[PDB]
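Report on the structure
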Amino acid sequence: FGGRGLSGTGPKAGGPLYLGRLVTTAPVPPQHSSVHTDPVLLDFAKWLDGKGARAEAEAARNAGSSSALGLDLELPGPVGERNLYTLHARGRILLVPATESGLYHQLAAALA
Amino acid sequence: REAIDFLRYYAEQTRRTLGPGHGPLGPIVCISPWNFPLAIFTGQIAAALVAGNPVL
Amino acid sequence: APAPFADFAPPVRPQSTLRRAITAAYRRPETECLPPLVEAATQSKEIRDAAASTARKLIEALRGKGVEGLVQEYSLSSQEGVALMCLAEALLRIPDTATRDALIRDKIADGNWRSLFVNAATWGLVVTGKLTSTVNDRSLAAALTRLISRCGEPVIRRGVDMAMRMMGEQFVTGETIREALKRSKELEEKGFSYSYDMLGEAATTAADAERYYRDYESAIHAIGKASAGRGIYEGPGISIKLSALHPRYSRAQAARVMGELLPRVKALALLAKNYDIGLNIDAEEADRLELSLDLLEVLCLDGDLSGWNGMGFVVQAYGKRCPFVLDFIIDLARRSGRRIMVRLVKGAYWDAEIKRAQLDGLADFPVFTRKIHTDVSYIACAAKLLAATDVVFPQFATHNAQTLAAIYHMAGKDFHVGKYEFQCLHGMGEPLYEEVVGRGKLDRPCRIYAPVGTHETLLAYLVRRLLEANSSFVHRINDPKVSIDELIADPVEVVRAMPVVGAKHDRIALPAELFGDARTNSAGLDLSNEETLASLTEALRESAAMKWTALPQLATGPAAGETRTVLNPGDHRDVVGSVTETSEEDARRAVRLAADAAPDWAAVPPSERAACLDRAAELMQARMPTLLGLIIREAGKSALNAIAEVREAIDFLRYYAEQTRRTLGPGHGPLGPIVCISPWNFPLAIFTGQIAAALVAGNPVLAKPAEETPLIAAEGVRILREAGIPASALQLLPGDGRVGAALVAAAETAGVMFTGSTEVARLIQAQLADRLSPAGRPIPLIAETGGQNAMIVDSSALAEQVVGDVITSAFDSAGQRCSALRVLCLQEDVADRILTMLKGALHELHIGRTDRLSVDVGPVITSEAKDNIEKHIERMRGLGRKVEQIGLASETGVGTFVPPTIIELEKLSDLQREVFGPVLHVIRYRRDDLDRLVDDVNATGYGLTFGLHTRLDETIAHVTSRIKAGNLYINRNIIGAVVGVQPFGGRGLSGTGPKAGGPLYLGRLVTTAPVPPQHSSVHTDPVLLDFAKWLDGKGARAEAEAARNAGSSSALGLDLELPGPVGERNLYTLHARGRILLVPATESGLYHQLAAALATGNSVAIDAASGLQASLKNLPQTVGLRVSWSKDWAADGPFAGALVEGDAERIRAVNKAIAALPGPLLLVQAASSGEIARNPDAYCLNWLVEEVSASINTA
Ligand SMILES: Cc1cc2nc3c(=O)[nH]c(=O)nc-3n(C[C@H](O)[C@H](O)[C@H](O)COP(=O)(O)OP(=O)(O)OC[C@H]3O[C@@H](n4cnc5c(N)ncnc54)[C@H](O)[C@@H]3O)c2cc1C
Ligand SMILES: O=C(O)c1ccc2ccccc2n1
Ligand SMILES: O=C(O)c1ccc2ccccc2n1
Ligand SMILES: [Mg+2]
């Protein structure tokens, strides 16, 4: 339970991301992964390749893989009901970088 | 029931995930509403506690 | 010149009475097989009682006695278990124990740990008992991180030790024969014996076969040394697979098998004789059974092997031939005086046999379809063997305690070592047989089948060995919901009391019934069946004696013309027939005749037109042998490919007949005369498909076959006419391109169906653009052309499977398929090993005139084709590229052959032209560049077929979402698209669509398209919805309504699975086409065009010359992002279709300009402003989506 916009920060209560907000290093929640790779992330990684930002291109691909964007699960519950849990993009992320490499890393995280 | 469910849910989620590298934040202030004065009260506090944080 | 088909497929030896009884049973109906097996397996009530008691005691002992303990100790999920085992596997690849334990404690436990998960499907079966075709590597990565962070070094240590035990001790007896020999002494002391299985099969190259040979040679020495004169019963033996000893072990290559593989077996057998050990020939796929008998026969009759009784042979009781094979073997043992060791097994290839028989459209399966039938067969065959212990040595390999007990009591109380034995698998079978071996148990010996090999070798085929499944005995004994009473149930009595004895399994379709009620699958022919080959030999010879002719067959009768001979492309001395070619005058006359007869054909009801197609399908099925021989000699095709081609013609006829019955009514008016121009590379199938579709849609047809292949086309027309197509509805116009141009140019031609070169397609498009239909609309063109088809292979693929699929996809039909593999892309880490294997496989192909079953690759179609292809090869070689080529035999000089060729390129852009021959180009890529590679493949402009070999879900999702191709294939070859299963057709430079053998095809051949079966979607394009809201805000109320209706009517997002064979998933989806060129005349026209394009997911380029820029003020950003304006259409392409608004003069001028655009042939739809206002379907949404077929090999 929990929403977006004026309705909350998240993560949802009674959901698998909640505990990770309460520690300094978040764990990997059960079933938390996705085989989907964001195609704009992939394009950004290729562009990083082209200008030789090798460390940033690698970070971009790793974030593309690490992202759980596209997770699509059915949660156990009562009969006569389908209860689904999915992970979507959040929207537009405010990026406040200090350095160029910092910007590339932030962009990779957001695009992934 | 919801308070019970929070307790058992965060308990199981802890058993599935938390290890030594998942360090606690420290003291967590849990501020709860009057409309679910046991369930949300319990859920926030239980999650904070089981993550290794003392609770106010 | 050899006489045609005089040496097509002569048997190794004359077929004896016993051998004929085997062949006759190959695909015998299951209801005919079971009654004599039930009778042979019948035992007394007293024996059946004692057997059930012995079986109960064995099962009770079993149930009274690793990975599960690890899972429970650390609270692992299934995915964490699998991931842990994958990690352990990779840690065991670090050979130095010190560096590994170091890496664990210091780095891997700390957190940051070729995909780790390449073999996860195997570990998934170990951890969960469930098998998946592919690996969710992102889930496993998440799981691995989770478990390590939660449990640290201790769980990694437990996983490593567990995997070490399993891979070094449980799945194999030893890594080497020496180690396995050392580890065998313990159970030998207790009364077991051993047979060693040097994990290895399916030689791909000569070097691979030589490697397996010297492995077997060295193993026999090691086993014979250790046997130390204990003899063939007490002492150890070896098991070999014939497929390991030769890269072309098949009936089609029988002469090479007898000439090259048999001497190798004899040499190994001579060595086993020297040491007096057993040498067992393992049994493989059903189509190798009878071939292996010819080797067994020669070996057992070879006097150099006399004095030794160690020769052994497996027979598979799940096979319908099993009892007849045993009759043959027992007789051979009598004739030779050799006491042949016969291993009775159930069989290890069941899933694959079911899929193969369905794919091949054969009459029935060569294996039973209910597990209980195999059990009855096994017990029945055991009775036959126990009656022959004087001449054979029965070896009852089973883990099924019920089977075991039945045979134990069947055998009776009298026993001596050497009378018979049981057998089991190392690891798996010892718990059961420690309750059998020894004077304290049942006092019967058991031979342990002992795999020997390294981890890599073991992991290669461990999946199949583990499936040996909810119906398997070892699974059911560990299922606590299965009682012992269930386990000891007598299969013989269960089968005896079933309603129909031996009935096929209910949930497995016979090949003919793959499509259920929709249509009857075409039937193929089994080229491993000696009766089929003998009958085909005569039918093919008879076909070669016929004076085949093709004439201009007009509505008024055959016409006069110039006549020339048709020649075999594999041997120009072999005259196949005579073609009389059509004068241009008679071609133009034929179109007028078609136009005059159009109303009478359109007036035949759709169901009766469909019945003509179905009747023609029956005729082609009955005439397949003769059609085969004509296709072989006229088109240069192999028999296997000619069979598939005739099947495809049958499938087209029945598929379009069914689609018609599902869709066509009176409002779906025919176009009129349709010109069908077909290619030489599928001179019957594509010929028939285009013609059948046009006819059944109610159009008379002018059939223009490729000038190279007129005879089979004339025979197709004869068959269609016999089926009831009137002469005026189907006219045949043989000849060269001038005939086709005359047909296309004729004023009464109302549509063109073209399959062939891009060059001719563009000429046709330009000519059609010069005219309009009487209604003032463009003449529809379906044009299907070539592709620059690629396959991408990563380091998780199985090299042997890749190489087989590549050799087939690149070189089948001499690379003369539009779908043929042109560019293979190999991940850098596996490129050299796969290339080495690929080159070795290349040199095992037999190239020659195709009237021999042994020929793999025939000729190219013409001398000009040959010269064009070889000029490409020589240019590549001159640029310094590495070129591998098979050396051709001198006999090829009488035809036009190109040797299969492998060309190594630096970059995909080094290939700049379509090379329509047996020429595979290979490039290498770094893993991180996979996405750029897909960009590079897309950049060619083609989009026909594409192949991906990977086990990783993340890679599958990435590549298939980014590649732009109409036919996708995962973990299989990329050729031979099946009608109604992989509807065939690509995008870009590869075709216009709609796909042949797909549900949108008939709709292109009528003036008002029907709604195809299952053609809808609940998804509404979001940019369309934004545009509809914008239109309403602009006050364009009718246009907003039309947009909303287009949003609902669009089938964008359709996502269907099509019925097909088991072990494959065939998907059909509708996507956006891309960017549509919009050429509006009015503002309302522009809004309607935009609505149609946006509802189907497309972006647009709007003609700036319309001057309508002011009509799109204040567009939502979502819509604006899909909208560009073009002043120079050629500069702003490629487009994926066009929508045109104007009067007839304007449409013609725009259509001509579109025809001149470089790049893809655009599917254009045009309408007048008035038509847009009157007709809500002025633009058809069928032609604004792209069909995508994807075929995933899940086996
Ligand atoms: C020592 C040894 C050597 C072997 N060598 C070979 C060999 O060289 N070639 C070979 O092909 N096999 C061989 N096998 C057999 C194969 O590998 C399996 O071990 C065997 O089939 C399992 O049979 P079962 O009596 O142990 O188990 P069960 O559970 O009794 O029998 C399972 C078998 O039933 C059959 N079956 C399953 N489903 C169906 C169905 N729906 N319809 C019809 N039949 C079905 C299959 O054959 C399956 O293997 C060998 C087996 C052993 C023990
Ligand atoms: O059958 C042909 O080979 C053929 C058919 C139609 C044609 C139209 C224009 C140019 C060449 C053609 N060639
Ligand atoms: O009459 C012909 O043989 C002919 C005519 C036109 C052609 C155009 C392109 C290619 C081949 C052609 N062949
Ligand atoms: Mg020509």
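The numbering scheme restarts from 1 for each chain and tracks the written sequence of that chain rather than necessarily the entry's numbering. Residues without coordinates are not displayed. Each chain takes a letter, starting from A, and each ligand takes a number, starting from 1, following the order in which they are written. Shown here is not the whole assembly but part of a larger one, and the values apply to the part shown. Think of the side-chain values as coming from all heavy atoms in the structure, minus any hydrogens and water. Residues with missing side-chain atoms are left out of burial classes, side-chain pairs and their counts.

- Looking at the method and resolution fields of the entry, one finds X-ray crystallography and 1.77 Å.

- The name the PDB entry assigns to chain C is Bifunctional protein PutA, from the organism Sinorhizobium meliloti.
- What the PDB entry is called, per its title line, is "Structure of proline utilization A complexed with quinoline-2-carboxylic acid".
- UniProt positions are given in the numbering used here, feature names are shortened, and annotations may be inferred rather than shown by experiment. The Cofactor (unreviewed entry) comment attached to chain C in UniProt states, word for word, "FAD".
- Its UniProt record gives chain C a comment under Function (unreviewed entry), which states: "Oxidizes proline to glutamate for use as a carbon and nitrogen source."

- The name given to chain A in the PDB entry is Bifunctional protein PutA, with the source organism recorded as Sinorhizobium meliloti.

Some words on the overall build of chain C
- In this description a helix means any DSSP run of H or I spanning at least four residues, a strand means any run of E spanning at least two, and both kinds are numbered starting from the N terminus. Along the backbone of chain C there are 44 helices and 33 strands.
- Between the two quantities, the radius of gyration covers C-alpha atoms and the globule rule is 2.2 Å times the number of residues to the power 0.38. Relative to a compact globule of 1195 residues, whose C-alpha radius of gyration would be 32 Å, chain C shows 33 Å and is just as compact.
- Here the C-alpha coordinates of chain C stretch approximately 100 × 75 × 65 Å along the principal axes.

With respect to the interface of chain A and chain B
- Residue-level contacts link 16 residues of chain A with 20 residues of chain B.
- Buried area: the sum, over both parts, of the accessible surface (1.4 Å probe) that disappears when the two are put together. Both faces combined, the contact of chain A with chain B buries some 1,300 Å², and carbon together with sulfur accounts for 69% of it.
- The rule for a salt bridge is simple: a side-chain nitrogen of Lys or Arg has to be within 4 Å of a carboxyl oxygen of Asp or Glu. Our count for the chain A to chain B interface comes out at zero salt bridges.
- Just so you know the grouping, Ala, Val, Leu, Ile, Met, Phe, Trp, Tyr, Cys and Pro go in nonpolar, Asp, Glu, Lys and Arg go in charged, and all remaining residues, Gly too, go in polar. Tallied by class, the residues present in the side of chain A that touches chain B amount to 11 nonpolar, four polar and one charged. The contact criterion used throughout is that any non-hydrogen atoms of two residues lie within 4.5 Å.

Notes on the domain arrangement of chain C
Residue and element names in this part refer to chain C.
- Throughout, the edges of the domains are those of an automatic or database domain assignment. Structurally, chain C comprises domain 1 (530-784) and domain 2 (790-1008 + 1192-1195).
- Of the residues lining the interface, 46 residues belong to domain 1; the matching set on domain 2 comes to 43 residues.
- Summing both sides of the interface, domain 1 and domain 2 together bury roughly 3,600 Å²; the carbon and sulfur share of this comes to 62%.
- The interface formed by domain 1 and domain 2 holds one salt bridge in total.
- Two residues, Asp571 and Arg849, come together in a salt bridge whose shortest N-O distance is 3.1 Å.
- Mapped by element, the contributors of at least two residues to the side of domain 1 that touches domain 2 are β13 (571-581), α28 (624-635), α29 (639-663), α30 (685-696) and β18 (781-784).
- Ranked by residue count, the leading element in the side of domain 1 that touches domain 2 is α29, at eight residues.
- Looking at side-chain class alone, the side of domain 1 that touches domain 2 contains 21 nonpolar, 17 polar and eight charged residues.

Focus: the site of ligand 2
All names here are of chain C.
- One heavy atom suffices: a residue is near a molecule or strand as soon as one of its heavy atoms comes within 4 Å of it. Around ligand 2, the structure places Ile677, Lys704, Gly737, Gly740, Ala741, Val760, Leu763 and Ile764.
- Note that an oxygen atom of ligand 2 is positioned 2.6 Å from one of the side-chain N or O atoms of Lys704.
- Method for areas: the Shrake-Rupley scheme with a 1.4 Å probe, in which residue coverage is limited to the protein chains shown. Contact with the protein chains hides 82% of the accessible area of ligand 2, taken as 320 Å² for the molecule alone.
- Elements with a contribution of two residues or more to the shell around ligand 2: α32 (737-745) and α33 (758-769).
- Residues belonging to the shell around ligand 2 are distributed by class as follows: five nonpolar, two polar and one charged. Definition of a polar contact: a pair of N or O atoms within 3.5 Å, with one able to donate and the other able to accept a hydrogen when the atoms are protein atoms, and with sequence-neighbouring residues admitted only if both atoms are side-chain atoms.

Details of unusual backbone geometry
- Of note, the amide linkage connecting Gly10 of chain A to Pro11 of chain A takes the cis form, showing an omega dihedral of 0 degrees.
- Tracing the sequence through the fold places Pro11 of chain A in the segment before α1 (39-50).
- Residue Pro1134 of chain C is bonded to the preceding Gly1133 of chain C through a cis peptide linkage, with omega at 5 degrees.
- Secondary-structure assignment places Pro1134 of chain C in the loop between β30 (1123-1126) and β31 (1138-1141).
- You will see that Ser75 of chain C, though not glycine, has its phi angle at about 55 degrees, which is positive.
- With a phi angle near 60 degrees, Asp276 of chain C is a residue other than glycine that sits in the positive phi range.
- Looking at the secondary structure, you find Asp276 of chain C in the loop between α13 (254-275) and β3 (278-281).

What about the packing of helix α37 (residues 930-938) of chain C against helix α38 (residues 953-962) of chain C?
All names here are of chain C.
- With their axes 10 Å apart at the nearest point, α37 and α38 run at an angle of 30 degrees to one another. Compared by their axis directions, α37 and α38 come out roughly parallel. Here α37 runs over α38; the crossing is right-handed. Here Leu930, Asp931, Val934 and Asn938 of α37 come into contact with α38, specifically with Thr955, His958, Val959 and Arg962.
- Looking at the contact of α37 with α38 residue by residue, the classes come out as three nonpolar, three polar and two charged. With axes taken as lines fitted to C-alpha atoms, and helix axes fitted only over the stretch in contact, angles between N-to-C directions fall between 0 and 180 degrees. Throughout this description, any angle smaller than 35 degrees is read as roughly parallel, any larger than 145 degrees as roughly antiparallel, any in the 65 to 115 degree range as roughly perpendicular, and the remainder as oblique. Helix crossings get a hand from a simple test, with the near helix turned counterclockwise from the far one by less than a right angle marking a left-handed crossing and a clockwise turn marking a right-handed one.

Considering the site of ligand 3
Residue and element names in this part refer to chain C.
- Close contacts around ligand 3 come from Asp736, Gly737, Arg738, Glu759 and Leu763, and that covers them all.
- Within the contact set of ligand 3, an oxygen atom lies 3.4 Å away from a side-chain nitrogen or oxygen of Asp736.
- In isolation ligand 3 has 320 Å² of accessible area, and contact with the protein removes 50% of it.
- Broken down by secondary-structure element, the contributors of at least two residues to the shell around ligand 3 are α32 and α33.
- Per-class residue counts for the shell around ligand 3 are one nonpolar, one polar and three charged.

A look at the pattern of salt bridges
Residue and element names in this part refer to chain C.
- As enumerated under the stated definition, the model contains 85 salt bridges over all chains in all.
- Salt-bridge contacts for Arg343 lead to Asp282; the nearest nitrogen and oxygen are separated by 2.8 Å. With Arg343 in strand β5 (residues 340-345) and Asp282 in the loop between β3 and α14 (286-301), this residue pair connects regions lying 61 residues apart in the sequence. By the burial criterion, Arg343 is buried, and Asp282 matches it.
- Ionic pairing is found between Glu608 and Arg615, a salt bridge with its closest N-O pair at 2.9 Å. Classification of residues uses two cut-offs on accessible area relative to the type maximum, computed with a 1.4 Å probe and protein chains only: under 20% is buried, over 50% is exposed, and between them is partly exposed.

Observations concerning the interface of chain B and chain C
- With seven residues of chain B at the contact, the number on the chain C side is six residues.
- Here chain B and chain C share an interface that buries about 440 Å² over both sides, 47% of which is from carbon and sulfur atoms.
- Of all residues in chain B, the largest losses of buried area upon contact with chain C belong to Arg16, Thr17 and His22 of chain B, amounting jointly to 70% of the total for that side.
- Linking chain B to chain C there are one salt bridge.
- A salt bridge links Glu80 of chain C to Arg16 of chain B, with the shortest nitrogen-to-oxygen separation between them at 3.2 Å.
- The tally of links between chain B and chain C comes to two residue pairs in polar contact.
- Of the residues contributing to the side of chain B that touches chain C, the split by class is two nonpolar, three polar and two charged.

Details of the environment of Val937 of chain C
Residue and element names in this part refer to chain C.
- Looking at where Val937 falls in the secondary structure, it is placed in helix α37.
- Residues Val937 and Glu884, spaced 53 residues apart in sequence, show a C-alpha to C-alpha distance of 23 Å.
- Excluding anything up to four places from it in sequence, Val937 contacts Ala790 and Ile963.

Quick notes on the sheet that holds β13 of chain C
All names here are of chain C.
- When DSSP locates at least two bridges between a pair of strands, those strands are taken to pair. The strand order across the open sheet built from three strands is β9-β13-β12, with neighbouring strands paired in mixed fashion. Strand pairing shows two members of the sheet lacking a second neighbour, β9 (548-550) and β12 (562-568), which therefore form its edges. Strand after strand, the sheet turns through a mean of 35 degrees between neighbouring axes, direction not considered.
- Relative to β13, β12 runs antiparallel, the two being bridged by seven bridges. Each bridged residue has a counterpart across the sheet, and for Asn568 the counterpart in β13 is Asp571.
- Packing against the sheet, α28 makes contact with β9, β12 and β13, and its axis sits at approximately 105 degrees to β13.

What to know about the sheet that holds strand β27 (residues 1064-1072) of chain C
Residue and element names in this part refer to chain C.
- Strand order in the open sheet formed by 10 strands is β21-β22-β23-β20-β19-β24-β25-β33-β27-β26, and the pairing between neighbours is mixed. Only two strands of the sheet have a single partner each, and these edge strands are β21 (883-885) and β26 (1055-1058). Each strand of the sheet is rotated relative to its neighbour by a mean of 20 degrees, with strand direction disregarded.
- Pairing geometry for β26 and β27, over four bridges, is antiparallel. Directly across from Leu1056, in β27, lies its bridge partner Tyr1068.
- Most of the contacts of helix α35 (residues 828-842) go to strand β20 (residues 821-827), to which it runs at about 140 degrees, and overall it touches β19 (789-793), β20, β21, β22 (901-904) and β23 (919-925).

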